[PDB]
Every structure is written in C-alpha cells, then in structure tokens.
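Spelled out, the chains give:
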Amino acid sequence: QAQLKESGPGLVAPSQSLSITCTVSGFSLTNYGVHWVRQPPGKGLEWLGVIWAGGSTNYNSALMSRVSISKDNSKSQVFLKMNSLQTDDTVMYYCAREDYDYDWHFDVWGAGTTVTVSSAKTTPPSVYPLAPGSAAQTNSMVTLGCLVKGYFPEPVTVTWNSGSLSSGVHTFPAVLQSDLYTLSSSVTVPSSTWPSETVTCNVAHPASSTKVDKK
Amino acid sequence: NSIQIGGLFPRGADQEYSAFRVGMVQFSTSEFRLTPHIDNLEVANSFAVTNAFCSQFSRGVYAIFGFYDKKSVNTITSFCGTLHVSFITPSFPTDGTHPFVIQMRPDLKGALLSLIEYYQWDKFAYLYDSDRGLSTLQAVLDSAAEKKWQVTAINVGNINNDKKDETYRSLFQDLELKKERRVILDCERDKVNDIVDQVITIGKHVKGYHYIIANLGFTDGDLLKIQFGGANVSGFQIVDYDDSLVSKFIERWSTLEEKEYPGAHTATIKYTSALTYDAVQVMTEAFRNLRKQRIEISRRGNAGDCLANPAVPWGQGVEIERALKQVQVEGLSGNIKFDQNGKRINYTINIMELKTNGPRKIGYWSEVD
Amino acid sequence: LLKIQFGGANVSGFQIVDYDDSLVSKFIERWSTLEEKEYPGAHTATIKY
Amino acid sequence: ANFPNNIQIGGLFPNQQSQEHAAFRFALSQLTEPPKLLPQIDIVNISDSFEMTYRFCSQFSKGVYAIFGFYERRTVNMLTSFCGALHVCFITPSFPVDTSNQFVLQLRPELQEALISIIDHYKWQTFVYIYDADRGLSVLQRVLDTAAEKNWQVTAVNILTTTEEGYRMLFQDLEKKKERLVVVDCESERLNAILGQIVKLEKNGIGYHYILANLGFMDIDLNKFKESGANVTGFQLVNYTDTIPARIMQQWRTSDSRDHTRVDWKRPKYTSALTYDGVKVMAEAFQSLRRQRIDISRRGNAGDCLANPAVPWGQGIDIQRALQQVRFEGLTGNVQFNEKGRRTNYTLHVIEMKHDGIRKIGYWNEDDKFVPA
Amino acid sequence: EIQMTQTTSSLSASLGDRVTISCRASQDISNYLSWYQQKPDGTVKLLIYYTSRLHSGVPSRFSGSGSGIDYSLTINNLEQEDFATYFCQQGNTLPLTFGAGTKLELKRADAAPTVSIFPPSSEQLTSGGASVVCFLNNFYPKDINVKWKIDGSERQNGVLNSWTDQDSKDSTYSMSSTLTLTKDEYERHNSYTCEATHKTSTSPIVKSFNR
Ligand SMILES: *[C@@H]1O[C@H](CO)[C@@H](O[C@@H]2O[C@H](CO)[C@@H](O)[C@H](O)[C@H]2NC(C)=O)[C@H](O)[C@H]1NC(C)=O
Ligand SMILES: *[C@@H]1O[C@H](CO)[C@@H](O[C@@H]2O[C@H](CO)[C@@H](O)[C@H](O)[C@H]2NC(C)=O)[C@H](O)[C@H]1NC(C)=O
Ligand SMILES: *[C@@H]1O[C@H](CO)[C@@H](O[C@@H]2O[C@H](CO)[C@@H](O)[C@H](O)[C@H]2NC(C)=O)[C@H](O)[C@H]1NC(C)=O
Ligand SMILES: *[C@@H]1O[C@H](CO)[C@@H](O)[C@H](O)[C@H]1NC(C)=O
Ligand SMILES: *[C@@H]1O[C@H](CO)[C@@H](O)[C@H](O)[C@H]1NC(C)=O
Ligand SMILES: *[C@@H]1O[C@H](CO)[C@@H](O)[C@H](O)[C@H]1NC(C)=O
C-alpha cells in the first residue's frame with residue numbers, strides 16, 4: 001500500500017527556518033506531483049504549496065515568499081522549507097501525492113508532524129502523584145494518577161511500569177500554561193493489588209530526554 | 001486561474017484515457033490548472049454526441065477534446081464551426097478546411113503514394129475499411145488515373161463478425177483471378193489483426209507476397225505472427241522509439257500499475273494515446289501562451305443553451321484557434337506545427353519494413369521533402 | 001485440424017474411431033450431452049483415442 | 001375523440017421557391033378524408049448540421065408526428081441517429097444510403113444493381129466511372145466490388161476535386177483508344193453543367209458511349225446532343241402517359257387552370273413525383289391508423305429534444321408499422337416498402353437515345369431481374 | 001477565494017445506520033470534490049473521488065451524491081473501522097480550500113458522569129502551588145459543564161479543562177479540570193467544590209473537600 005509520514009524539529013524559535021522531511025512509500029515520485037498542506041488547531045486545513053512531477057512548483061497566495069519545495073526521488077522524500085515563522089505557527093504539517101481521475105485528487109496523504117514555534121527554553125518535567133486520599137474500597141477497582149507539570153516542549157511519553165499495566169489506562173492530553181506543559185495520566189488497578197504491587201509511572205520527555213520514574 | 005475543458009472519450013478507450021491521465025499529471029503548471037469534464041459516451045451515435053456536446057457547452061468550456069467517427073465528423077465540424085469553439089482531436093483528418101478543428105493525426109495518403117512510387121508498382125489490391133472516410137481511396141484512385149495503375153479496391157468493413165470465415169476465403173479466392181501479389185491493408189488496430197490472422201490461416205504470408213499496413217501505428221498490431229513467414233511487410237510509424245524523449249516516456253510507461261491504469265503495462269503504445277499525450281501538451285502550451293500574453297478571456301458557467309437562435313458567438317474564442325495555430329512544440333509525434341486551417345505541417349513519418357530480427361527503419365517522410 | 005485445413009498441404013493420417021458407425025454415433029450422442037462439471041473433458045463432439 | 005383531425009407534419013426544404021414546394025402543397029391539397037395534415041415547413045440550409053439539428057428539435061418540440069424532408073452527404077448519418085433515438089419516422093426522396101434503419105423511409109429506389117445489369121448486358125471490360133462527390137460513395141462501392149469480381153477496369157473520376165484542366169487531361173487520356181465507355185453518376189442539376197462542359201469536347205461523337213445513372217433521363221436537357229454521336233442510355237421511373245400517372249397528370253393540369261399555383265411547369269422532376277408519392281404514403285398510413293382505431297395521444301408540453309437519458313416516444317412503432325405497410329400504384333409506378341424502409345417490388349425502364357431515336361430496350365426489377373423488349 | 005463549509009460539526013450514529021454528511025461551497029464547483037477519511041491516529045485515506053465515484057480499495061458501503069454547491073456522502077451501514085472524520089476537498093480553483101470536516105460519534109446510553117475530586121499533594125504544596133483536580137469519567141454525551149467553588153464563591157481564573165476522545169471499549173468520555181492557585185491562596189480557603197452539569201440530571205453533581 002501507499003504510506004507517507006512527515007517529520008520535523010518539533011520546536012523551533014521565532015523568525016527561523018523550518019525544514020520538514022516527508023517520506024512516502026508504495027509508489028514512485030518521478031511520475032506524480034507532491035503537495036504540502038498545513039493544519040491549524042481548531043481552524044481549517046489550508047494548502048501551502050505544490051511541486052509538479054516535471055519540475056514546476058507553486059505556492060499559496062498568502063505566503064508564497066516563505067515556502068519552498070525540493071524532492072529526492074532516490075529516497076522518495078520531500079523537503080519543505082518554511083522561513084519567517086511567527087508565533088501562530090504551532091500547527092501540523094502534511095504531504096500528499098496528486099492524481100487525475102477526471103478531477104485533481106489527493107490520493108495518498110501523510111500523518112503530518114506537529115511544530116510549535118516558540119522562544120521558550122527546554123526543561124525537564126516534574127512528576128507528582130495523585131491518590132484517592134481515603135482508603136475506602138468503594139469498588140474492586142481503584143484509580144491512581146500522575147501529573148507531569150512544567151515540561152517544555154510537548155509531548156512526553158507516560159507509561160505505567162514500562163508498559164506492564166494497561167488495564168483502564170486513561171491518559172489525558174497536555175495543556176499549556178505560562179509556557180509550561182501540564183499533563184495527567186490515570187490508571188485503574190485492582191483494590192487488592194495496591195499497595196501489594198509496586199505501581200511506577202515512567203515519564204520520558206524527548207525534548208530534554210529526561211526519564212523520571214515515580215513509584 | 002481555473003480553465004474548464006470538455007472531453008468525449010469513447011466507451012472502450014482505456015489506453016487513451018490512461019495516457020490522458022499521464023499527460024494531465026505530467027504537464028501541470030503554476031499559471032493555471034486544467035479541469036476536464038470527461039464523458040464516456042458512444043462515438044457513432046450522433047444523438048449521444050450532440051448530448052455530450054451540449055452538456056460540455058452547458059458547463060461553459062473553452063475547448064473540447066475527443067474523438068469522432070466517420071459517421072459523426074460532420075456533426076462535430078458543424079457544431080464547432082457555428083459556436084466557434086475549438087476542438088482538438090487525434091482522429092482521422094477531414095476533407096476540407098473546417099475552422100476550429102485542430103487535429104493530431106498527420107496525413108497518410110501522400111506517404112502511401114510516395115511509398116508506391118518508391119516500390120514502382122503497377123497492379124495491386126487495396127483492401128480498405130470505411131470507418132475513417134474515403135479520402136485515401138479517392139487519392140489513390142485519382143493518382144491511379146494519372147499514373148496508369150491497376151487498382152483492385154475492395155471494402156472489408158461491411159462484413160459481419162458472425163460469418164467472416166467463408167467471405168474472406170471467397171475474397172482471397174477472387175484476389176487470385178488476376179494473380180495479385182501486392183495488397184495494401186487500410187484498417188484500424190482491430191481489423192488488421194483479423195485480416196492477418198485469416199491470411200495466416202489460409203496461408204498467404206510466404207515469400208513472394210508483399211503487404212503494407214496502411215496506418216500510423218504499424219507496431220500496434222501483432223507482428224510476431226508474420227515475422228517468420230517470408231512475406232516482407234512495409235508500413236508507417238509515427239512514434240520513433242529510438243528518440244530520447246520517447247524512451248524516457250516508455251521507461252515511465254511500462255512500469256505503471258495495470259489496475260491503476262488500464263492498458264498501460266506494455267512495452268509499446270498505440271498512436272492515439274501518443275497523440276492524446278501530445279495534445280495535452282499542446283493545449284497546456286497554448287493556455288500558457290495566453291497566460292504570458294496577458295489576455296483575459298475569463299467567464300463563468302453561464303454560456304446558455306447550445307440551440308440558441310440566433311447562436312451568437314463570443315469573440316474571445318476566435319483568438320483561441322489563433323492561439324492553437326501558434327503552437328510549435330516537440331512531442332511523441334516529433335515536431336508539432338500547424339497551418340492556418342488546423343492541419344499539421346513539418347512532421348516526420350518513419351517508413352518501417354519488417355525484417356527477421358524485427359522492424360527496421362529504412363527512411364523518413366516529410367512534406368517539404 | 002481447422003488451422004491446417006485451408007492451407008493447401010495435403011495431409012494424411014490414421015484414425016481408429018470411425019464416426020460413421022452406428023454404435024460410435026450412439027456413443028457420441030450420449031457423450032456430447034454430458035455435464036462438463038460432472039465429467040471433465042466430456043462436452044466435445046469428438047473423443048480422444 | 002379517437003384521433004384529432006389536424007395532424008402536424010413537419011417539413012424540411014432547401015429552397016424557398018422550387019417545384020417540390022408546389023408538388024408538396026398540391027399533394028396536401030387533395031386531402032379530403034380525415035385527418036387533415038397540417039404542414040409546418042422550414043426553409044433551411046441542408047448542408048449545416050447545426051441548422052438541421054435546430055429545425056429538427058424545433059419541429060419535435062412543436063409537436064409533429066412525422067417529418068418529410070431532404071438531406072445531403074453532410075447529413076446522411078445525423079438524421080439517421082436522431083430518428084433512431086427518438087423513434088420518429090423521417091420520409092425523404094433523397095439519395096439512398098447503404099446503412100440506415102427502420103425510421104428513415106427512402107422514397108428513391110436503388111440504382112446500382114440496375115447499373116450492374118446494364119453493364120452485364122453490354123459485357124464491358126474497360127470503362128470510366130465519373131462519380132459525384134456528394135452521393136457517389138455507395139454506388140461506387142458496389143461497382144468496384146463487381147469490378148473486382150468480374151475482372152473489369154474501372155477508372156473512377158471525381159467531379160468536385162478535379163478542375164477543368166483535369167477534365168481536359170482525362171479526356172485527352174480517353175481519346176487514345178478505340179471505344180470510349182463512360183458511366184456518369186451525378187444529380188441532374190450538376191449533370192446539366194457537366195454535360196455543358198462535355199458538349200464542347202464531344203464534337204466528333206464517334207465511339208462515345210455514355211450511361212447517365214439517373215432516374216430523370218427525360219428531364220435531362222438533351223438539346224445539346226443534337227447532331228451528336230452520343231449513344232446515351234439512361235433509366236426511367238415515371239411514364240407520364242400511363243393511365244393512372246396520366247390521370248394524376250390531368251388532375252394537376254386541371255388544378256393549374258382554376259385558381260392559382262406556385263412556380264411553373266413543362267420541365268418536370270422525378271423528385272416532385274417522389275414528393276407526391278411520399279405524401280400519398282403518409283396519407284394512406286394515417287388513414288390506416290384511423291381505420292384501425294388506434295389512438296395517438298401526446299404529452300408535448302414543449303417537449304425537450306435533448307435529454308439525458310433518451311426518452312423513447314413509445315407510440316412511434318405504430319406509425320412506423322403503418323408507414324411500412326403502404327402498398328399502392330402512384331405516379332412513380334409501384335410504391336411499396338420493405339422491412340428496412342427501402343423500395344422493393346418496383347420497375348425501372350431502360351431507354352436508349354441515339355440520333356433522335358427514343359427507343360425502349362426493356363425493364364428491370366428484382367425477381368425477374370432484367371428483360372428486353 | 002472559494003470557501004467550503006459544513007454545518008454539522010459532530011454527528012451521532014449507531015452500528016448499521018445510513019449516515020449522511022453534507023457539504024456546501026461558495027459557488028459552483030461542477031462536482032469536482034472529493035471525500036476523504038482521517039482516523040484519530042492521523043492517517044488520512046481517500047474515500048470517494050469526483051463526488052460520485054468510489055476509488056479502488058474502499059468498501060462499497062459508502063456512496064456520494066450532490067449537485068451545484070451542495071454535496072453529500074452517504075454510508076449505508078457503519079462499522080467499527082468507520083469511526084473517523086470525513087472531510088470534503090474541492091479542487092476547482094487554486095488555492096484549493098478543504099472543508100472543516102465533521103466527527104462521527106457512536107450512540108450509547110446517556111450515562112451519568114462519575115465525578116472524583118482530588119486535592120493537591122504535599123510536595124506540590126511545599127513547592128508553593130496547589131492544583132485541585134476534578135476527574136469526570138464514563139459520561140455520555142460529551143456535552144458537559146464544570147463549575148468551581150472556593151468556600152461557596154465561584155472562581156473562573158486558573159481553571160483549565162481537558163477533554164478526552166470517545167473510548168473504543170465503553171463508548172464513554174473523560175474530562176479533567178485543574179484549578180491552580182498559590183499556597184497562600186489555598187491556605188486561605190477551607191472547602192473547595194467541583195460541580196458537573198450533564199444532561200442525565202438537572203441538578204449538578206457536586207464533589208467537595210474540606211481542610
Ligand atoms: C519484398 O517484396 C517486394 C515485392 O514483392 C520484392 O522486392 C523485389 O526485390 C528484388 C530483389 O532485390 C528486386 O530485384 C525487385 O525489383 C523487387 N521488386 C519487385 C519484384 O517488384 C521482394 O519479393 C521482397 N524482398 C526484397 C528484398 O525486396
Ligand atoms: C450551407 O452551409 C454550408 C456549410 O457551411 C455552406 O458550405 C460552405 O460554404 C463556404 C462559403 O465560404 C465554403 O467556403 C465551404 O467550402 C462550404 N462547404 C463546407 C463547409 O463543407 C453553404 O454555403 C451553405 N449554403 C447556404 C445556401 O447557406
Ligand atoms: C409487385 O409488383 C406488382 C406489379 O404487377 C404490384 O402490383 C400488384 O400485382 C398483383 C398481382 O399482379 C395485384 O393483385 C395487385 O392488385 C397489384 N397492386 C398492388 C398495389 O399490390 C405489387 O405491388 C407487387 N405484387 C405482389 C404480388 O407483391
Ligand atoms: C521544421 O522544423 C524544424 C525544427 O525546428 C526547423 O528547423 C525547420 O526550419 C522547420 N521547417 C519548416 C519549413 O518550417
Ligand atoms: C450504339 O451502341 C451500340 C452498342 O455498342 C452499337 O451496337 C450501336 O451501333 C451504336 N449506335 C450507332 C448508331 O452506331
Ligand atoms: C408508356 O407510355 C406509352 C404512351 O402511351 C405507352 O405506349 C407505353 O406502353 C407505356 N409503357 C408502360 C410500360 O406502361
């Protein structure tokens with residue numbers, strides 16, 4: 001089948017460059033065109049630009065002087081360069097192939113990578129526990145939580161005992177406050193397993209590569 | 001800039017539409033974008049032709065691409081000459097100077113007369129098909145009246161597919177009354193294979209005979225069955241596979257998926273598909289010349305009914321034909337340049353002959369030489 | 001034989017099953033009407049030797 | 001109310017004032033029995049398919065049931081397709097084509113087989129077939145097939161693409177041998193100019209044999225052939241003195257002396273006789289529809305000509321079977337259609353002209369092919 | 001330029017229902033629109049091309065129709081793999097504007113939100129902050145409201161709400177509310193309460209905690 005995946009830096013400074021590498025597979029990029037399109041959170045997905053199979057390239061009318069496209073047909077990859085990034089550039093980016101089936105159609109697209117354009121500094125997160133407080137066994141399943149506060153940038157990987165505990169795991173998404181990431185993870189274990197069994201949450205922050213274990 | 005065009009492809013044309021898709025993907029540009037409205041209707045039924053034409057005119061298009069049969073050439077020429085809408089076509093050339101009809105297939109009659117005058121014939125048979133008009137037949141009869149030839153001209157298209165085994169036997173028995181050694185076959189890509197199969201079945205491809213496949217796609221039929229026979233076979237080719245651009249197109253053509261593109265996983269290509277792939281380039285170059293000349297012909301989808309009385313033309317289409325005559329490019333049929341009428345000028349046709357190892361070019365043909 | 005019938009080369013051969021016999025014709029009349037899914041290679045007008 | 005008295009009949013005509021207009025109006029004037037055929041005629045160019053298509057769609061939207069008209073090489077197949085689509089019968093005196101359908105009623109009989117019979121009667125080997133560019137495509141096909149069968153030498157000569165110096169060169173090629181056998185197949189309005197070109201060149205006339213493939217051999221202006229060696233043989237359809245045709249003759253002579261008519265007479269045309277006989281076909285067909293008590297309803301509230309998909313007017317097969325089964329003896333002799341809509345079961349006479357000798361050789365038919373007299 | 005829009009933002013359907021998704025445009029697009037599906041993981045696959053045809057590889061349960069400016073996609077029977085977001089993309093005039101897209105949802109019983117309040121930890125209180133948490137799990141539908149009260153006084157500053165997607169097991173929802181204040185602000189109050197308002201009950205379920 002045809003697949004595609006976009007990759008980038010994740011976090012970049014303002015008014016800097018942004019190179020996105022899109023790897024596609026299952027087809028050949030020498031006989032089809034490529035299109036790059038962004039997606040903002042809570043807004044409409046806007047097309048950024050396109051490059052033809054022959055060598056012609058065009059962009060959108062709003063930021064034509066900021067976007068550029070190149071391709072590597074040997075590795076079937078696309079390099080999209082975007083400069084003069086502003087504070088509203090915390091969005092996702094995706095690449096796709098084009099085709100003609102009596103209409104200009106985008107056949108195979110990509111997963112898209114997220115980019116947050118901010119001048120904030122990278123720091124390790126802080127893991128805090130969250131128990132129910134009272135030990136009253138109201139049911140056979142007891143829930144615990146871990147709050148990762150003060151992380152930069154998003155996201156981190158929060159697991160329970162290196163992926164051993166997976167029953168009732170409810171990981172919530174992170175939020176931003178004062179340029180700090182706040183996330184909460186929730187697990188549902190049995191009432192007799194705790195505190196007889198050690199439940200340790202492992203948080204891996206790839207921005208600072210910080211691995212924090214909290215029993 | 002969004003340019004809307006119309007399309008009339010016949011029911012069964014898979015390789016032509018596949019090459020049309022390859023041309024649409026390959027020849028995209030930044031200045032504009034084509035948007036074809038494709039209609040898969042019959043080509044012989046002129047009622048469906050009129051319906052597809054008025055449906056393409058109701059969308060308000062600037063040009064119409066598509067084929068036309070010999071029973072529908074007059075309908076296309078009249079409907080495109082009245083409404084002054086250009087029509088690009090890889091079908092057979094017309095007889096006359098019809099405006100707004102730009103054609104992709106070159107002439108064949110002059111090259112065939114040059115080939116007969118090169119081979120120095122005096123008595124031969126001309127087995128033809130009546131699905132592309134009777135222009136070549138009138139040309140070879142008017143030349144036989146001047147050069148004192150013995151032409152035995154027989155049509156073959158009036159024979160049904162249910163009893164085409166004894167009729168062909170009686171035909172080649174009647175062709176042995178004058179002891180005919182020289183036969184010119186003027187048929188399309190389907191009847192040539194059937195006539196060659198019946199010749200092989202009755203056994204008339206040994207050395208001593210001579211055949212000419214009178215078409216532009218000489219290698220489109222099956223040649224492996226009349227290669228080891230001994231009867232040399234000449235013909236005409238428009239797509240030279242020794243060119244660099246043709247080789248680069250075949251290297252991207254044969255690797256295509258058959259499920260994604262029907263009739264594409266072959267080492268060769270039909271001539272109609274190559275003329276379609278060139279016509280996409282011609283239309284793209286003409287619209288790019290309009291984008292470079294700063295001429296605004298923009299309108300909307302409110303062209304009205306096709307049967308208006310009086311059907312008033314819109315004058316900015318008159319430039320569009322004058323656009324298309326300005327195109328001089330290089331495609332799979334070689335050089336592409338046009339006259340004031342709409343015919344093709346300054347082209348090249350290879351004269352192929354079939355040897356033991358395969359086909360071989362013995363020379364080229366033009367109109368100034 | 002339909003491919004070397006209209007050629008012109010005169011071809012001889014040997015046959016063991018004469019189709020003009022009464023018993024052979026009565027067998028072919030019950031042979032060609034057989035179901036191809038029930039009996040493979042049976043729905044033909046002739047038969048191998 | 002089984003059948004309305006006014007049946008709309010659409011018409012297509014190339015000119016404004018000609019003999020076929022007066023013949024058509026006189027043929028509609030004899031209608032006294034119900035229903036009355038109301039004409040709706042259109043003077044249109046018969047070479048532009050856009051105008052032909054527009055007049056066809058306008059007459060179809062106005063609510064006609066049968067269209068009587070003409071066509072040309074540029075409209076041989078478009079009117080076959082629009083009639084095979086909407087199931088609307090079209091009656092025409094024009095040139096018969098090879099491939100057609102059951103809805104195109106071709107009033108003019110076939111001509112190529114009688115030509116084959118005359119050439120087999122004279123047993124020719126080498127001759128020159130001059131063909132019209134507008135109609136000589138179906139007759140030339142059968143003539144070249146018969147030439148391939150019987151080992152003839154046909155030299156086919158076009159009219160339109162050959163200039164007058166081309167005519168000079170081809171007759172210069174013809175004047176190098178003993179016998180000069182020429183068949184000419186073109187319409188009489190073109191044949192007058194062609195023979196006007198020829199009679200300045202056939203001043204000797206010795207060894208010149210001509211066959212003019214036309215149903216109007218008496219309509220050909222033979223006054224240029226006075227004191228000429230032209231040994232011309234032609235075909236005849238209408239005997240103007242035969243009892244029922246001369247009765248029709250006397251009827252339109254009596255109509256040409258009481259009130260008024262259109263454009264004048266004394267030089268007839270076979271196309272006008274075909275017009276009269278086709279209107280008589282349509283009259284007998286609507287009378288057969290009346291006496292079979294088969295109603296013809298309508299839904300013509302400005303009916304669309306072009307739609308997607310096609311809506312077949314389902315009543316057309318009854319009109320088609322009524323028009324197919326017409327059988328009488330009119331001005332062109334026997335009138336009778338086959339299962340395809342062409343003329344059969346008729347008779348064509350053969351008349352040779354030489355030195356003011358109007359001689360009848362014999363006649364031609366389909367079952368007893370050719371007989372002399 | 002040409003702007004595409006969709007009125008329905010969230011649709012509810014069950015397994016086996018013929019679901020219709022509509023789309024509108026700013027002008028006539030001449031049926032040159034495509035419908036594509038995007039799952040929650042991020043993979044985007046095309047579903048219907050040229051507003052009436054189905055591409056090779058998609059199931060026959062989906063279909064498309066429409067004319068002028070109004071197009072629609074119709075699924076005959078929804079499956080487990082059909083839980084995704086459908087988006088319309090028009091390619092008439094460059095720059096091509098894609099639609100906003102709708103989110104299909106599985107219909108189930110309207111369950112009450114299980115609410116749980118959690119006070120701040122001792123290490124967080126030693127750090128100088130206090131983040132009171134309110135978790136509302138196993139709720140249906142996703143429409144719910146949260147209200148914070150500090151000794152009866154409603155406070156809107158410092159409240160952050162984070163919702164989760166529909167689970168693939170129980171077809172429920174989860175929400176987390178965080179009230180972040182200082183240590184002196186948390187010590188100045190005794191009782192903090194979180195109230196959840198859902199469609200299952202007219203009275204909001206309140207969970208309070210004292211000091
Ligand atoms: C190819 O077909 C033609 C036609 O039958 C033949 O060409 C003849 O070739 C010989 C040998 O060079 C010449 O002397 C003759 O002048 C050719 N023309 C004729 C007979 O018309 C021949 O049979 C075939 N082979 C070749 C090599 O030409
Ligand atoms: C009927 O329409 C036809 C089609 O246009 C006319 O024939 C053309 O007339 C032009 C006049 O300049 C010639 O150049 C063309 O050669 C003609 N033939 C074609 C296009 O095939 C014809 O003149 C019209 N007749 C009337 C009476 O209007
Ligand atoms: C074929 O031609 C004849 C010519 O004599 C037509 O005339 C009919 O002939 C038969 C018997 O000779 C008569 O009974 C009829 O009354 C004649 N007229 C008609 C209108 O049928 C006739 O068209 C054809 N004859 C047959 C038998 O089909
Ligand atoms: C034909 O095209 C070639 C290729 O550009 C050109 O060199 C030549 O001059 C042209 N000849 C004519 C007569 O136009
Ligand atoms: C007319 O032609 C015929 C047939 O060739 C011939 O027999 C006859 O003698 C010719 N007429 C005259 C007057 O010579
Ligand atoms: C044709 O009319 C003439 C004149 O009356 C007549 O003598 C002749 O017999 C008629 N021929 C036929 C076949 O009716």
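Structure determination for this entry, per the PDB record, employed cryo-EM and reached 6.70 Å resolution.

In the annotation of the PDB entry, chain E is listed under the name 15F1 Fab light chain and assigned to Mus musculus. Per the PDB header, the entry is named "Architecture and subunit arrangement of native AMPA receptors".

As annotated in the PDB entry, chain A carries the name 15F1 Fab heavy chain and comes from Mus musculus.

This paragraph deals with the overall build of chain A. The helix and strand inventory of chain A stands at zero helices and 19 strands. For chain A, the spread of C-alpha atoms along the three principal axes comes to 70 × 40 × 30 Å. Here the contacts in chain A between residues at least 6 apart in sequence split such that 53% fall between residues at least 24 apart.

This part is about the pattern of salt bridges. Residue and element names in this part refer to chain D. As a salt-bridge pair, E113 and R142 come within 3.8 Å of each other at their nearest N and O atoms. Within this pair, whereas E113 is found in helix α4 (residues 112–122), its partner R142 is found in helix α5 (residues 139–150), the two being separated by 29 residues in sequence. Between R135 and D185 there is a salt bridge, with the nearest N and O atoms lying 2.9 Å from each other. Here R135 is found in the loop between β6 (126–131) and α5, whereas its partner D185 is found in strand β8 (residues 180–185), with 50 residues between them in sequence.

Another point: the interface of chain E and chain A. Of the residues lining the interface, eight residues belong to chain E; the matching set on chain A comes to ten residues. Across the side of chain E that touches chain A, the residue classes break down as five nonpolar, three polar and no charged.

A few words now on the state of the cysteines. Two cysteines, two sulfur atoms, one covalent bond between them: this is a disulfide. All names here are of chain B. There is a disulfide in this structure between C54 and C306, and the S-S distance comes to 2.0 Å. Because the sign of the S-S torsion sets the handedness, a value of about 85 degrees for the bond joining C54 and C306 places this disulfide among the right-handed ones. Highlighted residues: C54 in helix α2 (residues 46–58) and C306 in the loop between α9 (271–292) and α10 (316–324), separated in sequence by 252 residues.

On domain assignment, one finds that chain E holds domain 1 (5–106) and domain 2 (117–210). Each of domain 1 of chain E and domain 2 of chain E was reduced to a C-alpha centroid, and the two centroids are 37 Å apart.

Analysis parameters
- Residues numbered from 1 in each chain as written, not as in the entry; some residues may be left out.
- Chains lettered and ligands numbered in written order.
- Part of a larger assembly, values for the part shown.
- Heavy atoms only, no water.
- Residues with missing side-chain atoms left out of burial classes, pairs and counts.
- Helix = DSSP H or I, 4+ residues; strand = E, 2+ residues; numbered from the N terminus.
- Contact = heavy atoms within 4.5 Å.
- Salt bridge = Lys/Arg side-chain N within 4 Å of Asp/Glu carboxyl O.
- Nonpolar A, V, L, I, M, F, W, Y, C, P; charged D, E, K, R; others polar.
- Disulfide = S-S within 2.5 Å.
- Domains from an automatic or database assignment.

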